[PDB]
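Values below: every heavy atom of this structure, side chains too, minus hydrogens, waters and symmetry copies. The chains referred to below are lettered A, B, ... by the order of the sequence lines, with proteins before strands, and numbering in each begins at 1.
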Amino acid sequence: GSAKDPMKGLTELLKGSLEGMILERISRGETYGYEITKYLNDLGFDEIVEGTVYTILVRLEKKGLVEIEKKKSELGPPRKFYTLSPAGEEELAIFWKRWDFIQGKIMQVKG
Amino acid sequence: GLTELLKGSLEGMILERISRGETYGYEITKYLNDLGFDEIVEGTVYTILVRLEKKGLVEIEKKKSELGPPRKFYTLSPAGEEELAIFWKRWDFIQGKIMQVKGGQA
Ligand SMILES: [Cl-]
Ligand SMILES: [Cl-]
């Protein structure tokens, strides 16, 4: 049979989805770049590095979607903790609407 | 405002349309516009198409169309077929995981 694929090479396909995932994770509770990265890796998106997550967090700030608190993490070191602003909450809802639209149309293209 | 989500999905979709029969830029654009993606300009489509050329995923043929006007036609190469199969496998894995996230499960 076919070789068991550990599912790498997802970077390009995750463009557009990545931002939505991060906003979704932030919506659930205050979190930081290292934790967000590990959340995405454990979900199965194994190749996303911390450095990439930082760029997206910067983009989210510029979009006005997140609120930033510097404080000590539970393990010790200071972290930048992100929460959703009301605009972030609304943009997340918009993401799910657009992602649902796109999924349905891709299922038509497959059909 | 679907341009950002379509990035990294549109390549897979265009390869799929090409697999179904020999086609050209204007036709693929119209196919995608009629499907619901009305913000997509032909410039975007041709760029993916040429991106696919430089990756050896498509074979090109300049010839007269059925109606007469000459066009640059696209078919999949052996690499293009394999890439499309990989695309569907990768997309189903990603879709599965995001659906768990949406449902609150992950
Ligand atoms: Cl940090
Ligand atoms: Cl042409």
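The salt bridge (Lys or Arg N to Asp or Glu O under 4.0 Å) check on B/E61 picks up B/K63, with sequence neighbours excluded. Listed by chain and residue number, nothing satisfies the side chain to side chain donor-acceptor pair (under 3.5 Å) test with A/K38 (two or more places apart in sequence, or in another chain). Applying the side chain to side chain donor-acceptor pair (under 3.5 Å) test to B/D92 and every residue at least two apart in sequence or in another chain returns A/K110, B/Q95.
Counting only residues at least two apart or on different chains, the salt bridge (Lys or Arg N to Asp or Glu O under 4.0 Å) pairs with a member in residues 48-61 of chain A are A/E19-A/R59. Residue pairs meeting the ring pair (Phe, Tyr, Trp, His ring centres under 6.0 Å) criterion with at least one member in residues 37-71 of chain A, sequence neighbours excluded, do not occur. Residues in residues 74-96 of chain A take part in no salt bridge (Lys or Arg N to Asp or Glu O under 4.0 Å) pair, two or more places apart or across chains.
Contact check for B/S9 versus A/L13: no side-chain heavy atoms found under the 4.5 Å cut-off. Within the 4.5 Å cutoff, side-chain heavy atoms of A/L65 are placed close to those of A/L23. You'll find the side chain of B/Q100 stays beyond 4.5 Å of the side chain of A/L43, heavy atoms only. In this structure, the side chains of A/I26 and A/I36 come closer than 4.5 Å at one or more pairs of heavy atoms. A/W96 is listed as a side-chain neighbour of B/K102, based on a closest heavy-atom distance under 4.5 Å.
A parallel orientation is assigned to the rings of B/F87 and B/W91, their planes being inclined by less than 30° (bins at 30° and 60°). In this structure, B/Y26 and B/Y24 have parallel ring planes: the angle between them is below the 30° cut-off, well short of the 60° mark.
Within a 6.0 Å sphere centred on CD of A/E47, other residues, nucleotides and ligands contribute more than 12 heavy atoms. Residue-environment remark: NZ (A/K15) stays at or below the threshold of 12 foreign heavy atoms within 6.0 Å. Counting non-hydrogen atoms of other residues, nucleotides and ligands closer than 6.0 Å to CZ of A/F101 gives a total above 12.
Under a 3.5 Å cut-off, the side chain of A/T31 and the backbone N or O of A/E35 do not form any donor-acceptor pair. No donor-acceptor distance shorter than 3.5 angstrom exists from the side chain of B/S19 to the backbone of B/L76, with no hydrogens or angles considered. Side chain of A/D46 to backbone of A/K8: no donor-acceptor contact under 3.5 angstrom is found. Although no hydrogens or angles enter the test, the distance criterion places no donor-acceptor pair under 3.5 Å between the side chain of A/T52 and the main chain of A/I48.
Cluster membership for B/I86 and A/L14, using ILVMFWY side-chain heavy atoms within less than 4.5 angstrom, is not shared. Cluster membership check: B/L49 does not share its hydrophobic cluster with B/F73, using side-chain heavy-atom separations under 4.5 Å among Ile, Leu, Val, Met, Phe, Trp and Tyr. Following chains of ILVMFWY side-chain contacts shorter than 4.5 Å, one can reach B/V50 starting from B/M13, so the two form part of one hydrophobic cluster. Linking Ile, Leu, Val, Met, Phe, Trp and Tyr residues whenever their side-chain heavy atoms come within less than 4.5 Å places B/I14 and A/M107 in a single cluster.
The structure places CG of A/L92 at 13.0 Å from CZ of A/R25, a figure rounded to the nearest 0.5 Å. A distance of 4.5 Å separates OG1 in A/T83 from CD in A/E67, rounded to the nearest 0.5 Å. Taken to the nearest 0.5 Å, the CG atom of B/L2 stands 10.5 Å off from the NZ atom of A/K105.
Of all heavy-atom pairs spanning B/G56 and B/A79, the tightest one is O-CB, 3.7 Å. For A/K70 against A/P78, the heavy-atom pair with the smallest separation is CE-CB, 4.1 Å.
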Verify side-chain contact (heavy atoms from CB on, under 4.5 Å) between B/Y74 and B/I60, making sure each step is shown before the conclusion.
-> CA-CA 5 Å; B/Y74 289 82; B/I60 68 146; 3.7 Å; yes
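In this structure, B/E4 does not pair ionically with A/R98, as no charged nitrogen and carboxylate oxygen lie closer than 4.0 Å.
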